[PDB]
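Engineer: 3D model of this:
(2 chains)
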There are 2 protein chains.
Amino acid sequence: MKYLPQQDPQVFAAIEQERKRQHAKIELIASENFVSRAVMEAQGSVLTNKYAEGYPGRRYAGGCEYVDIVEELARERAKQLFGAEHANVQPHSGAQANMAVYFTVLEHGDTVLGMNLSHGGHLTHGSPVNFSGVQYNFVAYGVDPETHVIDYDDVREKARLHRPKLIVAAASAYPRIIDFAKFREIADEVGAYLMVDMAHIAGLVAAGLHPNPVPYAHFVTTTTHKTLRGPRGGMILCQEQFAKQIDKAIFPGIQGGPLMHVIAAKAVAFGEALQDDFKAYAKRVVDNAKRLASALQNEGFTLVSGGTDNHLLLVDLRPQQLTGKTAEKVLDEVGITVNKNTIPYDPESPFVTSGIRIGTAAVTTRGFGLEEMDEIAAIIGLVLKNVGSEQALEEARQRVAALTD
Amino acid sequence: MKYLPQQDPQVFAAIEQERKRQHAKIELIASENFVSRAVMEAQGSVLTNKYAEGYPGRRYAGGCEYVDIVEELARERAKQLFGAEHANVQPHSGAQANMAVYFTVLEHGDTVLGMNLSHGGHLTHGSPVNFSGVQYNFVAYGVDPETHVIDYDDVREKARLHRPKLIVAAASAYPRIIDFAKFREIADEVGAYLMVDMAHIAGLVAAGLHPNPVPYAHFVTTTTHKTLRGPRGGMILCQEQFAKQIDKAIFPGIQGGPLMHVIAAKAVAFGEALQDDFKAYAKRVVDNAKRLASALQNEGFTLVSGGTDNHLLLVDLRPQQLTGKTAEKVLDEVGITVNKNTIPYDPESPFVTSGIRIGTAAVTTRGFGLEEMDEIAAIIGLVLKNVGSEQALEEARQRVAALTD
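Structural biologist: Numbering: from 1, shown residues only, chains lettered A, B, ... in the order given. Sharing the structure here:
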């Protein structure tokens, strides 16, 4: 940076602290990643200056020739990545992408069927303190109490009983492959639309390491910033038949001017995802998650569903008589960043929890491999088996530092 | 830029075109401005990598120590700028800031009173194709047919007849000072909340050149990117009594993770706005608008309301027998960027219109003064009085180029 340090010492000092934090810590928050310098440069561009309400070639202002090229690059690359008939790259966030789809096909008070929030579903899939649960009548399907895999007979039964207008598949904390074919079969049986929120798994889908929801879903929503390793924002994919309605839902429906600089960054990230090396990266993410899962089990930990098919895992801390809150706090003390997370059928509140959620996307981007996964697991074991030993925690601290340099 | 040119030639080429466009054209779109290099650097920072759901000191994840400092800098500087008891700097946009306030105090189908959209009101103030008009029952107050000033007796009558739960004051195309005291008096009479959407005038308010709505309104919403000259995003200001509800409306209500890098950029912009030189800038914006208004009248143009009190003016093109659409198109041909805009009691559709909206915030940032305003007015006169003369348009083109170098 050149201008920020002189203009705003306070903001610059804090940013520098954050930059150094990102390097020093072992980042295991499943929703996080590290974007490229190219992506950041696009976000830091003059495109922030341009109002571009509407869409490429159909804007409500002149002078959009070049931001049009940028948005179309984003849309076409997204279509190439996911095989979608239509892309909308304007959503400000995952929340807004979901909001727009709901706005498209639902009326106030319509019934929607989504994944149980304490079993892996997201806030925007029907929380009573979120617009989704306030605006629409959400009902939930669960995972099996033993296998922690989605119970598709429960999905079907809930669908047949409640007759939802829309079924939502996908999750913020589900470590296994989701069967989109089964979701569509159930949706077809009850005459419901299917929406897949692939936010967490989007990069894995792009790399062919998780089945693609696009051929099965009427709408696919995603964030651009998780496994897709892009800027912070949202996106909607759908078939041509819903293109006009989806676009109108985003504008003039729920948003105003798009963030053109972020859209540029989206294009950049999509370009990166189209490369062969991204596919290799995504395989390492999944490989690392499996290795970390196995290594954690070797340390004596129980995992929700008994492992992982994707980038993330959930540790069930009940055998260690620890809450997620306790584990999260003590791991923070040694430089390992996780989040407390409800496990299926958790006896604790979502504010305490019996689990921690861990993902490998960020550490993989930093170049961590299988050996590092073993060491991360060993450090977690050392910490969680010795929460009352400051000497153990100091050793963990040093081993964390050894990993990040 | 260093990394983007090598990584993504296509995106870089388009960005460079846009950068050169921004320099070459005379930008008169009233909602636009040019941000500082410091603001852009903040947006291009590693803060995009951080999930920070929740609020400073009350986050739902660890590792937020430094993004907390950043967000608090944004909040405190905003409070210093506007004298507000509480700030929420997380809204992704003006649309989302408004959405959150509506979410806070209104139930589905509640009556809201806002400015007539064809008289100056915004899309998010009740358009039937916007969430606001779909989710809530919007009624409208108008401006006087002769003076084009808000008819406060009409505001009062509509309020007393329809009994709104909420009254919205502020506009996207109103060239005069809004009387917030009168809006509050009317709101008090009917037991309605008052929300002021100061998006367009926020910078002028910060500089003491437009009355501050904060002491009169329960909620004040704004964008950060218009006269405030900040990054693209939204903000909510309110008294302490609504702080908790407003914060909960943004998260977990309507959004998810905030854009921390944009919030950093917000802090930077607020820092800039606190400086003496910003106040001088804002005075030049208003001075330039008055001068441009007077110079346009000297060229024979009629202005909505007969002039301006702020950064923007509306030309009523009816005396020239031109539509806003026609004027917008031909000005584009010579390098002057405006938007077609409905005038009060427009005989034309919002897609054709009888006016053009012009603002001086962007050209003032570029260092344009009174002499440049005279020349801009003269060029507009030359163009709009000779729409069928290619020689006239070429002269205009050359005079535009002379202004921007």
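Engineer: now residue A:343. Its backbone dihedrals?
Structural biologist: phi -100, psi 160 (degrees, to the nearest 10).
Engineer: name the nearest residue to whichever residue of chain A sits closest to chain B, sequence neighbours excluded.
Structural biologist: As assessed by C-beta to the nearest C-beta, chain B sits closest to residue A:44 within chain A, at 2.0 Å. Bear in mind the C-beta positions are built from the backbone N, C-alpha and C, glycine included. Among residues not flanking residue A:44 along the chain, residue B:44 sits closest, at 2.0 Å (C-beta to C-beta, 6 or more residues apart in numbering or on different chains).
Engineer: tally of neighbours for that neighbour?
Structural biologist: Number of residues near residue B:44 (other C-beta atoms under 10 Å in any protein chain shown) recorded here: 26.
Engineer: same check on residue A:108?
Structural biologist: Neighbours of residue A:108 (other C-beta under 10 Å): 12.
Engineer: host element of it?
Structural biologist: According to DSSP states H and E, residue A:108 maps onto no helix or strand at all.
Engineer: which residues of the stretch 101-250 of chain A lie near chain B?
Structural biologist: A:103, A:108, A:123-124, A:127, A:129-131, A:134-135, A:225, A:231-232, A:248 (C-beta under 8 Å from any C-beta of the partner chain).
Engineer: ok, now with 10 Å
Structural biologist: A:103, A:107-109, A:122-124, A:127-135, A:172, A:199, A:223, A:225-226, A:230-234, A:248-249 (C-beta under 10 Å from any C-beta of the partner chain).
Engineer: what packs against the top helix by length along chain A?
Structural biologist: What stands out as the longest helix in chain A, according to DSSP state H, is helix A:276-298. Contacts defined by 3 or more C-beta pairs under 10 Å, 6 or more residues apart in numbering or on different chains; DSSP states H and E place helix A:276-298 against helix A:202-206, helix A:260-274, strand A:302-303, strand A:312-316, strand A:355-359, helix A:361-365, helix A:370-384.
Engineer: buried ones in it?
Structural biologist: If you call a residue buried by 16 or more other C-beta atoms under 10 Å in any protein chain shown, then helix A:276-298 has these buried ones: A:278-279, A:281-282, A:284-297.
Engineer: residues contacting residue A:316?
Structural biologist: A:148, A:301-305, A:324, A:343-346, A:354-356 (C-beta atoms under 10 Å, 6 or more residues apart in numbering or on different chains).
Engineer: rerun that using 6 Å as the cut-off
Structural biologist: Contacts for residue A:316 (C-beta atoms under 6 Å, 6 or more residues apart in numbering or on different chains) come out as A:302, A:304, A:343, A:355.
Engineer: that one bridge partners, please.
Structural biologist: residue A:302, residue A:355 (DSSP bridges).
Engineer: that one and residue B:248: what is the separation?
Structural biologist: Distance, residue A:316 to residue B:248, by C-beta to C-beta, to the nearest Å: 30 Å.
Engineer: with residue A:26 instead?
Structural biologist: 32 Å.
Engineer: these two: which is more packed in?
Structural biologist: Shown here are residue A:26 and residue B:248; by other C-beta under 10 Å, residue A:26 has more neighbours (24 against 16).
Engineer: count the neighbours of the nearest residue to the more buried one once chain neighbours are set aside for me.
Structural biologist: Closest residue to residue A:26 apart from its sequence neighbours, by C-beta to C-beta, 6+ apart: residue A:336 at 4.8 Å. For residue A:336, the neighbour count with other C-beta under 10 Å is 26.
Engineer: related to what we said a few turns ago, next one: phi and psi at the residue nearest to residue A:44?
Structural biologist: According to degrees, to the nearest 10, residue B:44 has phi -90, psi 20.
Engineer: contacts only, for it.
Structural biologist: Contacts of residue B:44 were listed using C-beta under 6 Å, 6+ apart, and they are A:40-41, A:43-44.
Engineer: and which of these is nearest to residue B:191?
Structural biologist: Of all the contacts of residue B:44, residue A:43 has the smallest distance to residue B:191: 44.8 Å, by C-beta to C-beta.
Engineer: for the closest one, list the residues it contacts.
Structural biologist: When contacts are counted by C-beta under 6 Å, 6+ apart, residue A:43 is found next to A:231, A:261, A:265, B:43-44.
Engineer: that older thread, out of the contacts of residue A:316, which one sits closest to residue A:179?
Structural biologist: residue A:304 (17.8 Å).
Engineer: what residue is smack in the middle of chain A?
Structural biologist: residue A:200 (2.9 Å; C-alpha atoms, centre = their mean).
Engineer: so it touches residue A:226, yeah?
Structural biologist: Yes: between residue A:200 and residue A:226 a contact is recorded at 5.4 Å, counting by C-beta atoms under 6 Å.
Engineer: for residue A:51, helix, strand, or coil?
Structural biologist: At residue A:51 the chain is in coil, as set by DSSP: H, G, I helix; E, B strand; the rest coil.
Engineer: touching, it and residue A:257? I think so.
Structural biologist: Yes: between residue A:51 and residue A:257 there is a contact under C-beta under 6 Å: 4.8 Å.
Engineer: thinking again about what came up before, quick one: closest of the helices and strands packed on helix A:276-298 to residue B:207.
Structural biologist: When the helices and strands packed on helix A:276-298 are compared by C-beta to C-beta, helix A:260-274 sits nearest residue B:207, at 26.1 Å.
Engineer: quick one, the closest one and helix A:276-298 angle?
Structural biologist: Here helix A:260-274 runs at an angle of 80 degrees relative to helix A:276-298 (axes from the mean of the first three to the mean of the last three C-alpha atoms, to 10 degrees).
Engineer: ok so, going back, please indicate which of the contacts of residue A:316 are buried?
Structural biologist: Buried among the contacts of residue A:316 by 16+ other C-beta under 10 Å: A:302, A:304, A:343, A:355.
Engineer: and of the residues you listed, the nearest to residue A:85?
Structural biologist: Nearest to residue A:85 among the buried ones among the contacts of residue A:316, with distances taken as C-beta to C-beta, is residue A:304, at 35.2 Å.
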